[PDB]
Structures are given as structure tokens and as C-alpha cells.
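Everything below concerns the one structure shown next.
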Amino acid sequence: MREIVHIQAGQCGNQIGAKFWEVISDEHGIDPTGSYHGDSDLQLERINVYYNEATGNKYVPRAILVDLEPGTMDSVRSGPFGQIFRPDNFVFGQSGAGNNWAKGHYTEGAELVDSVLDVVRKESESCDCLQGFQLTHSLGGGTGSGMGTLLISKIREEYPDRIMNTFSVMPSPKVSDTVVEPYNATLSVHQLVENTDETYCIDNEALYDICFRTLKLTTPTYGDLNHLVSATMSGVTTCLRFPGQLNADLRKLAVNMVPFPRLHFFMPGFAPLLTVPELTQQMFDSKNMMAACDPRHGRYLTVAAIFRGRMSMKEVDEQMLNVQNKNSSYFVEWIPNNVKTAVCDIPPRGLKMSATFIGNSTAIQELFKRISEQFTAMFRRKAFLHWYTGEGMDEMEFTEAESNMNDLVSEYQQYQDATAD
Amino acid sequence: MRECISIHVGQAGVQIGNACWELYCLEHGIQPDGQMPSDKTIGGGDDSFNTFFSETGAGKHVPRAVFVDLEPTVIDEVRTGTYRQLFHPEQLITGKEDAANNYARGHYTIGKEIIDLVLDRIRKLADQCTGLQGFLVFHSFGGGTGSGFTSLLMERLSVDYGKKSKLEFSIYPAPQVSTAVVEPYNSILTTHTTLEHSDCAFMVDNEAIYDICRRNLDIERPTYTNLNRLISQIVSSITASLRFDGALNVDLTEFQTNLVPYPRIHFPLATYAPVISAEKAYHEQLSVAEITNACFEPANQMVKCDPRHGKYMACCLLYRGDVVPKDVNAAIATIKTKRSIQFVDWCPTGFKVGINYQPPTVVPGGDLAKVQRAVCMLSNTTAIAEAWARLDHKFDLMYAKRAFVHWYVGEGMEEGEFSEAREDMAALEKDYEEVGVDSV
Amino acid sequence: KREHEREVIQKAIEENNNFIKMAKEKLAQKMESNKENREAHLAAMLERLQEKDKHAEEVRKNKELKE
Ligand SMILES: Nc1nc2c(ncn2[C@@H]2O[C@H](COP(=O)(O)OP(=O)(O)OP(=O)(O)O)[C@@H](O)[C@H]2O)c(=O)[nH]1
Ligand SMILES: Nc1nc2c(ncn2[C@@H]2O[C@H](COP(=O)(O)OP(=O)(O)O)[C@@H](O)[C@H]2O)c(=O)[nH]1
Ligand SMILES: [Ca+2]
Ligand SMILES: [Mg+2]
């Protein structure tokens with residue numbers, strides 16, 4: 001077995017974590033009691049990747065629930081499946097983080113962090129062969145961004161040879177008015193560039209634009225947004241959860257997707273929000289991206305495409321050849337064969353045919369530039385720096401997060417402009 | 001005597017080992033439990049099939065084979081599959097964590113944790129042999145285990161067994177079934193590391209096998225199961241001279257003399273015919289002339305390249321089944337007049353011929369028609385260098401920007417190993433040029 | 001001719017031995033250099049994660065110093 005340890009931190013972190021476990025519990029035939037009431041044996045082949053086996057044939061999520069405020073905790077318990085999580089795996093504080101990254105990272109979170117680390121070790125030392133970790137969290141609040149990135153660096157100190165994978169939710173002014181959000185996101189992005197191996201960029205600004213323009217929701221709720229997220233997280237973990245060949249594990253994904261250690265921020269896509277050509281065309285369309293960047297404004301370093309359902313594999317092969325041929329100028333030519341595709345037989349619930357798209361595109365710089373511009377609109381005024389200097393933070397620590405993210409954008413531009421000859 | 005030990009490394013190597021030993025068992029009348037009613041010599045013997053099978057006192061015929069993978073899932077299917085009674089558990093070696101498509105992990109980080117165990121298990125097979133002839137190593141170029149672990153193994157075998165011969169069956173990567181974008185890196189590293197340690201290496205281009213299945217067997221989207229069953233037929237033809245007796249049976253080693261004019265020029269091109277479906281073989285008997293002619297059709301080669309635009313240094317014909325020399329000699333004589341067959345000026349132009357009278361077998365539920373006669377041609381042409389050229393080009397595109405190179409450096413490798421490996425490949429492509437120039 | 005015959009067979013032996021020897025030393029050299037390298041890249045990774053902890057002390061020390 002290749003185990004993943006799952007970590008949820010903060011307001012956003014725990015809500016999208018709950019719906020992930022509901023969706024894959026259902027796909028794997030596991031009810032809110034940890035009992036297997038499933039149809040086919042393919043649901044249990046790789047069940048050990050996300051589940052511990054408790055006797056009484058009970059499958060318990062290998063999940064660690066974390067927050068500096070008990071409110072989000074108590075909601076998960078009463079939620080659907082709340083009683084499938086190991087009770088000891090809840091680790092909550094009281095003070096909270098008040099949407100302050102320095103409270104999550106340096107002070108409040110630092111007081112609670114050593115208590116979460118104890119839980120990581122129990123789940124980790126109990127692993128036959130630990131793949132690594134996946135974090136869910138926002139980059140705009142305080143616990144998810146600050147303590148979430150503190151817990152990354154701490155976990156990396158103790159398991160430097162494991163893969164660190166994060167699902168990072170990014171703030172849009174269309175989703176939250178909390179003015180200090182371009183600060184928190186820029187400070188954790190500074191951390192994500194140094195200390196993770198793979199980050200799925202889950203952009204609230206794209207989820208909002210999807211719900212309103214495509215789904216046609218005048219007032220999309222955090223419940224609407226998280227529907228798109230659960231479908232995406234089920235998509236991009238399909239290769240980890242069911243028998244298969246390519247990207248069967250987190251290290252092989254990293255090796256195939258990350259040509260340069262810092263350029264590890266992925267643009268996810270999903271379709272439908274259908275025939276095999278429509279699925280292929282949609283999953284490559286800017287309107288089905290979860291990162292709010294137009295791919296035709298950059299170039300793909302690498303791409304992973306997961307098709308789910310019963311469909312002709314000859315047809316999928318020809319359609320994926322088709323899209324590269326007709327879109328050839330948008331894939332870098334110095335990485336041959338940089339598009340891999342997988343077909344898994346079980347579709348998500350509700351759908352007969354789905355496609356999930358994972359892109360490493362230099363157009364992700366569009367997402368980092370929208371944040372950088374909001375960061376400096378405040379920083380050049382020194383607006384709200386007291387919430388941070390008051391926690392003990394230096395000013396050139398903001399300057400450094402800034403220049404590092406500006407550097408990440410320059411390096412995406414560097415490889416977008418690169419040629420073979 | 002004259003025993004051969006087979007070593008199956010990584011997913012491709014293991015799974016092609018499943019296909020080959022299943023085919024061998026059907027060719028020799030060995031049951032899945034290993035009993036062989038025909039062998040009247042209980043507990044041993046010196047029959048031709050004993051080069052590939054040892055015998056227990058309880059009647060079991062046991063492959064002289066080791067399977068190795070750095071993860072367990074592929075070899076676990078051998079342990080529970082149809083032929084699980086065939087192998088002693090100690091012949092089936094697995095770790096817990098694979099090479100993650102990374103040569104450095106196969107050669108150093110992971111593989112160094114299992115190499116002593118593997119060499120111990122090979123040593124236990126070698127000590128059953130009264131006259132060990134050599135090893136047959138099966139592995140992909142593309143996987144982290146097939147590339148990195150295999151070459152760690154080849155170096156260790158040169159040490160433990162000196163100049164004892166080592167033959168390779170090597171799966172050259174194809175985009176239609178590849179698993180990693182870094183297969184060109186792994187390919188060039190293992191080719192560089194293994195070159196001095198291998199005597200003869202039969203390359204199998206997955207795209208050539210893939211096209212043959214699509215075009216000749218009407219499989220719209222071939223699987224590894226489709227590809228392996230064709231691959232085993234070619235492997236079976238190359239090893240049949242070792243496993244069967246015959247008046248006209250020429251030993252593989254004797255073809256080897258003709259196939260390798262210089263140590264580094266040791267990559268024969270394989271071509272097999274007939275590859276034909278049951279539906280189309282029906283009422284259609286393919287003669288010695290027809291299948292011989294099919295061997296000079298480039299669409300029937302194990303490796304994509306054009307021997308019409310290279311030069312021959314050797315041409316061997318390995319027939320099996322209903323074939324007599326007169327027919328062979330006539331078929332060859334018409335191919336010479338009608339075909340584009342230019343030899344380098346420094347070697348004779350004859351074709352070396354072997355005939356094994358045991359006819360080809362097919363595995364139940366396969367797509368190959370069962371036929372009365374088959375041929376594997378092994379030629380040494382300068383054109384096989386095209387396959388090096390294609391892989392070297394893909395390597396250069398990525399290495400010029402150092403794409404993915406950090407995954408290897410993080411595992412302890414240095415850039416100088418990449419450039420050193422790539423220069424050996426440049427020099428190898430140049431060797432293939434020079435052997436083809438006329439003398440003075 | 002006898003002395004020439006034993007020289008030839010001594011040479012074959014001497015060459016097989018030298019090949020085994022050099023392969024043996026090439027390998028131990030590679031495995032040792034690769035262990036040093038892998039260990040140095042890990043040690044450098046820990047060294048700067050441990051700098052993150054020295055800076056986390058420095059930052060908590062400022063929040064008391066300034067209060
Ligand atoms: N013909 C054939 N080729 C295969 C088969 N399995 C894998 N391959 C080839 O092997 C290449 C990748 O190497 P693998 O052997 O799968 O990897 P590995 O040996 O298990 O080493 P790891 O990367 O550590 O898992 C792919 O490009 C495939 O073309 C097979 O069953 N038949
Ligand atoms: N997509 C999505 N984003 C969320 C959700 N909850 C919070 N966020 C985002 O997270 C940011 C605030 O971080 P928060 O989750 O409150 O951190 P926490 O309170 O410490 O756990 C806001 O900018 C929101 O846009 C959610 O359920 N879905
Ligand atoms: Ca016998
Ligand atoms: Mg493998």
C-alpha cells in the first residue's frame with residue numbers, strides 16, 4: 001500500500017476537505033460509518049491510499065482535521081460523514097487567527113502546531129509505505145494560509161523525502177471583502193514556492209466566474225463553489241484511488257508534471273460543468289479552468305488529462321492527438337510528449353462521462369500577477385502592516401515574499417519565451 | 001549444460017516474462033504446475049529444454065528465472081496468477097517503493113537497497129548449473145527500474161561473473177504507451193551505463209510492435225497483453241535454438257559471431273513473419289518464400305528504421321516449423337535480385353540460416369493465427385542507429401533547458417553523468433556511421 | 001611457441017581480471033559520490049528549514065520585546 005496522509009486546516013481548508021471525503025467515500029462505497037457497502041471490487045483495490053482499515057471492517061479516513069477555532073470543527077462532526085473521522089484526529093484551538101497570516105504562522109499557530117505534528121506522526125509511523133501528504137486550505141484566511149504553511153515546513157523537516165501536495169484556495173475580491181487577503185496569499189505563496197512539490201491552484205475568482213457565467217448563479221454560495229472543488233479533487237485523485245498505470249502515485253505525478261522545482265503550480269480543469277470530442281475540447285477551454293487564466297496567453301510545460309467513464313480508448317487517443325496538433329503553438333516544443341492521458345472506468349457520481357485536466361501552464365502567471373497587483377496597492381501605503389509588525393514581523397519580510405513571487409512570474413515568462421533552436 | 005538464466009526487471013520486463021514463460025511452457029508441454037508428462041528423466045536431465053528449466057525430484061520443471069521489481073503490484077500478479085505454481089517464491093523479488101520513473105532511484109536510492117538480495121538469488125540459480133552459458137535480461141528503457149536497476153545489475157554481474165555473456169531484450173519507448181516524459185533521459189543513461197556490460201542487445205520499439213498489432217492483427221487499441229504476446233513470439237524464435245534440438249538447428253551463439261563485428265556494434269535488428277490473424281490465415285497458407293520476403297518489409301521490424309537506406313553487416317534467418325533448406329535457398333535467391341540489400345564492403349554477403357522443426361505455438365485466446373512455419377530475421381544494419389538518433393534528439397530538447405534534471409540531481413546524480421552519457425551516444429551514432437563507409 | 005602460448009592465456013586472464021577490477025572500482029566510486037551528493041542536498045534542505053525556526057524565534061522575541 002502507498003498511503004497518503006490528508007491534512008485540513010482553517011475555515012476554507014476544512015469545508016472543502018469534508019466534501020472531498022464525502023465524494024470519494026461514495027465513489028469507493030463507504031458509508032458514514034466506515035462500512036463497505038459497494039458493488040465492485042475495484043473500489044477496494046487501492047482503498048488503502050486514503051483509508052485505514054479498522055477491524056469490524058471499518059475504513060477510517062487517514063485525515064487530520066486542524067483549526068485555531070473550534071467552530072469549523074464542530075460543524076464537520078455534525079456534517080454528513082462526521083462520525084467517520086477518527087475522533088483523536090481533530091486538533092482545534094480557541095484563540096483563532098482573525099484572518100491574520102502572522103497569527104497562523106508565527107504565534108497562535110506555532111502554539112498549536114506541535115499538537116498537530118503529534119497526530120501526523122501516529123498516522124505516518126502506521127504507514128506501510130508513506131507517499132506523502134496533501135493539505136487543503138485557503139491562502140486568504142489565517143489558519144489555513146499561515147498555520148497551513150507552518151505545518152508544511154514542519155512536516156518537511158521531519159519527512160524531507162516525502163511528497164508535499166497542497167490544494168490551495170486563492171482569494172478573489174469577488175468572493176471575499178476581507179481587505180488583508182492579498183497579504184496572506186502573497187505570504188503563503190512565498191512559502192509554497194519553497195516547500196511544496198505540487199500545488200493545485202483552486203482560484204475562487206474562477207469558481208465564482210464559473211458559477212455566475214456558466215452555471216448562471218447570480219449569488220453563488222460557498223456551497224456552490226465547493227461543488228466545483230469536490231468534482232475537481234475527485235478528478236485529480238482518480239489515478240491515485242483506482243487501479244492504473246500513469247501517475248499512480250504522488251511522486252510520479254511530480255516527476256511528470258514539474259520540469260523545474262519552483263514551477264509546480266497547476267491549473268485544474270473539469271468537463272462537463274457529452275461526446276469524446278466535446279469532452280476533450282471543453283476540458284482544454286479557458287471556461288472550464290479552475291485557475292482563472294487563459295491558456296492561450298501562455299504555453300503548456302506539461303499536461304495530465306484524466307477521462308472517466310466508458311468510452312472508446314481509440315477515440316480518446318485520436319482526440320488527444322487532435323488537440324495537440326491543432327493547438328501545437330501552445331505546448332512547449334522542448335519537452336516532447338508532454339501530454340499524458342489516463343482513462344478510468346468509473347465515472348463520478350451523476351455523470352456518465354467526465355474529463356479532468358491538470359495543466360502546468362506559463363499562463364498561471366496571470367493568477368500571480370492579479371495577486372501581486374493587489375498586494376502592492378496596499379504595501380506601497382503600508383496599509384494594515386500593524387496587524388503583522390504587531391505579531392513580530394519585519395517589513396522586509398513582506399518585501400521578500402513580494403520579490404520572490406515576482407521572480408516566480410519572471411521564470412514562467414522565461415520558459416514561455418524559450419525556443420528549441 | 002548450456003544453461004541460460006533469465007532476469008526480468010521492472011513492469012515491462014516482468015510482464016514480458018509472463019508472456020515468454022507461458023509460451024515456453026506451451027512449446028514444451030509443461031503444465032502450469034510444472035509437470036511435463038514427456039520428460040521421462042525424473043529430477044533432472046540434459047535435454048535441450050533443460051537449458052531453460054531445472055527439475056525437482058517431484059517432477060516439477062522450474063524456470064531458470066528471476067523476476068525483480070522495486071514495487072510489488074506487478075509481481076504479486078505472478079504470485080497469484082495461473083503460473084504461480086511454476087516459480088519458487090525466492091525467484092520473485094519485490095521491494096515496496098518503485099523508482100518513480102527515475103533512473104537515479106533505480107540505480108542508487110531504491111535499487112541499492114535490493115541489489116545484494118537479487119545477486120544472492122541469481123547466485124542460487126547459477127549454482128544449480130553444470131555449465132552456465134549466460135544471462136538474458138529483460139527490461140524497459142523508459143521505467144526507473146528497467147533503466148536504473150538493470151544497469152546497476154549489469155555492472156554487478158560483470159563483477160560476479162566476469163565475461164560470462166549477457167544478452168538484453170530492451171523495450172525502447174513509444175509515445176502511444178509511454179508512462180513518463182523523462183523516458184529519453186532514462187533511456188540514454190541506461191544505454192550508456194550498460195554498453196560495456198552487454199554482449200548483445202535486441203531492441204524492441206514499442207511503436208513498431210504497436211503498429212504491427214494495429215495493422216496486421218486488427219487490434220484497434222493494442223494493450224501490453226497484445227504487445228507482449230507478439231514480443232514473446234520473437235523472443236521464442238531467438239531462444240528456440242537453445243531450447244530445442246535439431247539437425248539444421250544453429251546455436252544463437254553462432255549467429256552472435258556474425259552479428260557483432262565490434263563490441264559496441266551489438267544491436268541486431270529483428271524482423272518476424274507471419275503476423276496474421278486467425279480470420280485472415282484461414283485458407284491462406286504462407287510459404288517459405290512469402291514469410292522470407294516479409295522480413296525485408298520494414299513494416300515487419302521490431303524497430304522503426306529503414307534498412308534500405310543503411311548497410312548490412314550481417315543477415316541471419318531463424319526459421320521454425322515446416323521448412324527445408326531447398327525452399328529457403330530458393331526464396332533467398334529471388335530476394336537478392338528483387339530487393340534493396342547492400343552490405344558493407346568488409347563482410348561477406350551470405351545469409352546465415354537456422355531451421356528449428358518444432359512449429360510455432362500460440363497462447364489460447366491470442367490474436368496470432370497458429371501457422372505451420374515462421375521466421376525471425378536478425379540483421380545488423382547501420383539503420384538501427386536511427387533509433388538512437390530519435391532518442392538523442394528528444395534527450396537534447398529537454399537537456400538544453402535542464403528540464404526535470406533536478407529530479408535526478410536531488411537523488412545524488414551530477415550533470416556530468418548526463419553529458420557523459422550523451423557523448424557516449426554521440427560517439428555510438430558516429431561508430432554506426434564509420435562502419436558503413438567503404439574501405440580504402 | 002610454448003612461451004607464447006602461456007603469454008596469450010596469461011593475457012586473456014589479465015584482461016578479464018582488469019575488466020572485473022575496473023568495473024568494481026567504477027561502481028564503488030559512483031555509489032559513494034552519489035551518497036555524498038544525496039546527503040548534501042538533504043542536509044542543505046534541513047539547514048534552511050532550521051533557519052526558518054531561528055527566524056520564528058526571532059519573530060516571537062520581537063512581539064514580546066515590543067510589549
Ligand atoms: N511491451 C511492453 N512494454 C511495457 C510493458 N510495461 C511497461 N512497458 C514499457 O515500459 C516503459 C516504462 O518502464 P516500466 O517498465 O513500465 O517502469 P518500471 O520498470 O516498473 O520502473 P519504475 O519506473 O520504477 O516503475 C513504458 O514506456 C512502456 O512502454 C509491457 O507490459 N509490455
Ligand atoms: N472556495 C471557497 N473558499 C473559501 C471557503 N471558505 C473560505 N474561503 C476563502 O478563504 C478566505 C478566508 O480564509 P479562511 O477559510 O476563513 O481561513 P480560516 O478561518 O483560518 O479557516 C476567504 O477569502 C474565502 O474566499 C469555501 O468554503 N470555499
Ligand atoms: Ca529431463
Ligand atoms: Mg513500476
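In what follows, every chain begins at residue 1, and chains take the letters A, B, ... in the order their sequences are listed. Values below: all heavy atoms of this structure, side chains included; hydrogens, waters and symmetry mates excluded.
- B:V159 approaches C:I20 most closely through the heavy-atom pair O-CG2, 3.8 Å.
- By the neighbour-count criterion of 12 heavy atoms within 6.0 Å, atom CG of C:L65 is densely surrounded, having more than that number from other residues, nucleotides or ligands.
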Distance-only donor-acceptor pairs under 3.5 Å across chain B and chain C:
| from | atom 1 | to | atom 2 | distance (Å) |
| --- | --- | --- | --- | --- |
| B:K163 | N | C:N16 | OD1 | 3.3 |
| B:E411 | O | C:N34 | ND2 | 3.3 |
| B:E411 | OE1 | C:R38 | NE | 2.9 |
| B:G412 | O | C:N34 | ND2 | 3.4 |
| B:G412 | O | C:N37 | ND2 | 3.0 |
| B:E414 | OE2 | C:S33 | OG | 3.3 |
| B:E414 | OE2 | C:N37 | ND2 | 3.1 |

